[PDB]
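Student: Sending over a structure as structure tokens; questions will come in a sec.
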Amino acid sequence: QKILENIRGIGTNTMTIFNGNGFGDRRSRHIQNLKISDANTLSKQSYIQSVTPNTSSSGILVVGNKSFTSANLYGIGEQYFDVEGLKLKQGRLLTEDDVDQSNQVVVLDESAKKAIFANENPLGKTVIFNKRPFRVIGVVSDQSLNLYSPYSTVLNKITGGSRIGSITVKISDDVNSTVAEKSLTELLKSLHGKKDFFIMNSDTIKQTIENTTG
């Protein structure tokens with residue numbers, strides 16, 4: 001019943017593509033070869049329902065007179081909250097317009113809201129990440145100071161470049177997960193010119209459990 005009754009809902013119709021060769025290789029994970037253009041091409045495959053780019057940075061967040069360290073700002077796609085199962089609790093989520101206009105808006109984690117705002121109303125208030133002001137537009141349920149902003153805003157204004165840490169894809173409901181992984185792998189290899197990424201999904205978890213000593 002281990003694999004059974006468990007992988008339920010984790011990486012079933014979603015796959016996350018990461019830089020490098022695996023978690024058993026932190027080194028290769030630092031090299032960023034995934035690009036927004038990769039994500040654009042993926043968004044166009046017929047077997048792909050949505051694509052969410054993901055980059056992040058950990059820095060100093062000022063709120064009013066308070067200063068916090070190791071606040072994580074994620075630059076993610078519009079579909080991020082849905083695919084990760086984060087429930088909107090208050091205000092609003094990112095829109096296509098936020099992404100398109102690279103708006104400095106942020107969506108707070110439940111525990112981030114509590115840590116930074118306690119019982120205060122967070123909506124409409126400004127938080128400053130590494131000197132850059134963002135307006136709080138909403139709050140979601142959590143997965144340690146997580147803030148979510150459009151990937152475009154974070155790339156354009158914070159990290160620079162068009163390279164990212166990972167891409168989560170939502171697979172078409174009516175396609176064979178194994179076939180989708182293969183097409184996705186072949187396309188990205190073609191794009192990058194080499195296999196310098198790895199894919200995490202239900203199959204990966206299962207394959208890990210099978211190959212561990214019990």
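Naming works like this for the structure tokens: A, B, ... for the chains as they're shown, residue 1 at the start of each chain, ligands 1 onward in shown order.
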Which residues, written as a VMD selection string, have at least one atom at most 12 Å from residue 68 (chain A), with only C-alpha atoms counted and residues fewer than 5 positions away on the same chain left out?

Tutor: chain A and resid 58 to 63 112 115 to 117 127 to 130 144 to 146

Student: According to DSSP computed on the backbone, where in region 37-115 of chain A is there alpha helix (DSSP H)? Give the residues as a list in words.

Tutor: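 Matching residues, listed in order: residues 37, 38, 39, 40, 41, 42, 43, 80, 81, 82, 83, 84, 96, 97, 98, 99, 100, 110, 111, 112, 113, 114 and 115 of chain A.
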
Student: Would you list, as JSON, numbers by chain, the residues of region 87-170 of chain A that end up in strand (DSSP E or B) under DSSP run on this structure's backbone?

Tutor: {"A": [88, 89, 90, 91, 105, 106, 107, 108, 109, 126, 127, 128, 129, 132, 133, 134, 135, 136, 137, 138, 139, 140, 146, 147, 148, 149, 150, 163, 164, 166, 167, 168, 169, 170]}

Student: Those same residues, written as a tab-separated table (two decimals), in the first residue's frame with N, CA, C and O atoms?

Tutor:
chain	number	residue	atom	x	y	z
A	88	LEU	N	-6.58	30.50	-2.56
A	88	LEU	CA	-6.75	31.92	-2.28
A	88	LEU	C	-7.55	32.08	-1.00
A	88	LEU	O	-8.64	31.52	-0.86
A	89	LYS	N	-7.01	32.84	-0.05
A	89	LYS	CA	-7.67	33.06	1.24
A	89	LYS	C	-8.18	34.48	1.36
A	89	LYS	O	-9.09	34.74	2.15
A	90	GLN	N	-7.61	35.40	0.59
A	90	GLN	CA	-7.94	36.81	0.72
A	90	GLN	C	-7.37	37.65	-0.43
A	90	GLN	O	-6.30	37.36	-0.95
A	91	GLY	N	-8.09	38.70	-0.82
A	91	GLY	CA	-7.66	39.54	-1.93
A	91	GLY	C	-7.78	38.85	-3.27
A	91	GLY	O	-8.83	38.28	-3.59
A	105	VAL	N	3.67	43.37	-7.79
A	105	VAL	CA	2.64	42.95	-6.86
A	105	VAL	C	3.07	41.62	-6.27
A	105	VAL	O	3.79	40.86	-6.91
A	106	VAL	N	2.62	41.34	-5.06
A	106	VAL	CA	3.01	40.11	-4.42
A	106	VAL	C	1.83	39.41	-3.77
A	106	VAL	O	0.90	40.06	-3.27
A	107	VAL	N	1.84	38.09	-3.82
A	107	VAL	CA	0.86	37.29	-3.10
A	107	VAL	C	1.56	36.62	-1.92
A	107	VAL	O	2.59	35.96	-2.09
A	108	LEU	N	1.02	36.80	-0.72
A	108	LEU	CA	1.64	36.26	0.48
A	108	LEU	C	1.21	34.84	0.82
A	108	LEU	O	0.10	34.41	0.53
A	109	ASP	N	2.14	34.13	1.44
A	109	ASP	CA	1.88	32.85	2.07
A	109	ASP	C	1.08	33.10	3.35
A	109	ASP	O	1.16	34.18	3.94
A	126	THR	N	2.61	47.85	1.26
A	126	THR	CA	3.84	47.69	0.49
A	126	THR	C	4.91	46.97	1.28
A	126	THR	O	5.16	47.29	2.44
A	127	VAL	N	5.52	45.97	0.65
A	127	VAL	CA	6.66	45.27	1.22
A	127	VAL	C	7.86	45.49	0.30
A	127	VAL	O	7.71	45.53	-0.92
A	128	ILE	N	9.04	45.66	0.88
A	128	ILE	CA	10.23	45.99	0.12
A	128	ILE	C	11.23	44.85	0.15
A	128	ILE	O	11.77	44.51	1.20
A	129	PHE	N	11.47	44.25	-1.01
A	129	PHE	CA	12.44	43.17	-1.13
A	129	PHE	C	13.74	43.69	-1.76
A	129	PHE	O	13.75	44.20	-2.88
A	132	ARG	N	13.41	46.92	-3.43
A	132	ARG	CA	12.37	47.06	-4.44
A	132	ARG	C	10.97	46.89	-3.83
A	132	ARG	O	10.67	45.85	-3.25
A	133	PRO	N	10.11	47.91	-3.96
A	133	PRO	CA	8.77	47.87	-3.38
A	133	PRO	C	7.75	47.06	-4.18
A	133	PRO	O	7.63	47.24	-5.39
A	134	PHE	N	7.03	46.18	-3.48
A	134	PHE	CA	5.94	45.40	-4.06
A	134	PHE	C	4.67	45.64	-3.27
A	134	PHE	O	4.71	45.74	-2.03
A	135	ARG	N	3.54	45.71	-3.96
A	135	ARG	CA	2.24	45.87	-3.30
A	135	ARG	C	1.56	44.52	-3.08
A	135	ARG	O	1.41	43.73	-4.01
A	136	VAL	N	1.15	44.25	-1.84
A	136	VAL	CA	0.46	43.01	-1.50
A	136	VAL	C	-0.97	42.99	-2.05
A	136	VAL	O	-1.78	43.84	-1.72
A	137	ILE	N	-1.26	42.01	-2.91
A	137	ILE	CA	-2.58	41.96	-3.54
A	137	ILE	C	-3.44	40.81	-3.03
A	137	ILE	O	-4.65	40.78	-3.25
A	138	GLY	N	-2.82	39.86	-2.33
A	138	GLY	CA	-3.55	38.70	-1.87
A	138	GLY	C	-2.76	37.79	-0.95
A	138	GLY	O	-1.58	38.05	-0.66
A	139	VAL	N	-3.42	36.72	-0.51
A	139	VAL	CA	-2.86	35.75	0.43
A	139	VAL	C	-3.36	34.37	0.06
A	139	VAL	O	-4.54	34.19	-0.21
A	140	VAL	N	-2.46	33.38	0.05
A	140	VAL	CA	-2.84	32.00	-0.23
A	140	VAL	C	-2.47	31.10	0.94
A	140	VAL	O	-1.66	31.48	1.80
A	146	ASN	N	7.32	33.08	2.40
A	146	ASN	CA	7.20	32.92	0.97
A	146	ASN	C	6.38	34.06	0.39
A	146	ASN	O	5.28	34.35	0.86
A	147	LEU	N	6.94	34.73	-0.62
A	147	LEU	CA	6.20	35.72	-1.40
A	147	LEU	C	6.18	35.31	-2.87
A	147	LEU	O	7.18	34.83	-3.39
A	148	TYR	N	5.04	35.50	-3.53
A	148	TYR	CA	4.88	35.10	-4.92
A	148	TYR	C	4.57	36.28	-5.83
A	148	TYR	O	3.61	37.01	-5.60
A	149	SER	N	5.38	36.43	-6.87
A	149	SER	CA	5.30	37.58	-7.76
A	149	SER	C	5.42	37.05	-9.19
A	149	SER	O	5.86	35.92	-9.39
A	150	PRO	N	5.02	37.85	-10.20
A	150	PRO	CA	5.13	37.32	-11.56
A	150	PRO	C	6.57	37.05	-11.94
A	150	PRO	O	7.44	37.86	-11.61
A	163	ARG	N	16.54	33.35	-17.59
A	163	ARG	CA	16.77	31.98	-17.14
A	163	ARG	C	16.13	31.70	-15.79
A	163	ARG	O	16.02	32.60	-14.95
A	164	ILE	N	15.72	30.46	-15.57
A	164	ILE	CA	14.90	30.11	-14.41
A	164	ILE	C	15.32	28.81	-13.74
A	164	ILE	O	16.11	28.04	-14.28
A	166	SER	N	13.15	26.31	-12.50
A	166	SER	CA	12.33	25.18	-12.93
A	166	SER	C	11.09	25.61	-13.71
A	166	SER	O	10.73	26.78	-13.76
A	167	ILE	N	10.43	24.62	-14.31
A	167	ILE	CA	9.19	24.82	-15.05
A	167	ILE	C	8.23	23.71	-14.68
A	167	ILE	O	8.54	22.53	-14.84
A	168	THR	N	7.06	24.06	-14.17
A	168	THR	CA	6.05	23.05	-13.92
A	168	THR	C	5.02	23.07	-15.04
A	168	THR	O	4.48	24.12	-15.38
A	169	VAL	N	4.76	21.90	-15.63
A	169	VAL	CA	3.79	21.77	-16.70
A	169	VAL	C	2.59	20.96	-16.21
A	169	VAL	O	2.75	20.01	-15.43
A	170	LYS	N	1.40	21.35	-16.64
A	170	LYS	CA	0.20	20.57	-16.38
A	170	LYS	C	-0.09	19.80	-17.65
A	170	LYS	O	-0.25	20.39	-18.72

Student: Give the answer as one residue: which of A:180, A:202, A:156, A:80 has the shortest atom-to-atom distance to residue 42 (chain A), using only C-alpha atoms?

Tutor: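 Of the candidates, the smallest distance to residue 42 (chain A) is held by A:180.
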
Student: Interatomic distance between CA of residue 36 (chain A) and CA of residue 53 (chain A)?

Tutor: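 Distance reported for this atom pair: 6.9 Å.
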
Student: Excluding residue 25 (chain A) and its own-chain neighbours fewer than 6 positions away, which residues fall within 12 Å of it when counting only C-alpha atoms? Please give them as a ChimeraX atom specification.

Tutor: /A:18-19,31,196-198

Student: Please produce a file of those selected residues containing N, CA and C atoms, as a tab-separated table (two decimals), in the first residue's frame.

Tutor:
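Once everything was written out, this is out-v8.tsv:
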chain	number	residue	atom	x	y	z
A	18	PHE	N	13.63	20.57	-13.78
A	18	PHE	CA	14.67	21.24	-13.00
A	18	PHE	C	16.00	21.25	-13.75
A	19	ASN	N	16.81	22.28	-13.52
A	19	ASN	CA	18.18	22.30	-14.02
A	19	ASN	C	19.01	21.20	-13.38
A	31	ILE	N	23.63	25.59	-12.26
A	31	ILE	CA	23.71	26.11	-13.62
A	31	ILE	C	22.32	26.28	-14.21
A	196	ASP	N	20.39	18.35	-19.87
A	196	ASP	CA	20.96	19.07	-18.75
A	196	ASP	C	19.86	19.50	-17.80
A	197	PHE	N	18.84	18.66	-17.67
A	197	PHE	CA	17.67	18.94	-16.85
A	197	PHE	C	17.14	17.59	-16.42
A	198	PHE	N	16.24	17.59	-15.44
A	198	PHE	CA	15.58	16.35	-15.06
A	198	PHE	C	14.13	16.64	-14.71

Student: Name the closest residue to residue 86 (chain A) among the candidates A:110, A:64, A:191, A:74; distances are taken between atoms, counting only C-alpha atoms.

Tutor: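 Using only C-alpha atoms, the shortest distance to residue 86 (chain A) belongs to A:110.
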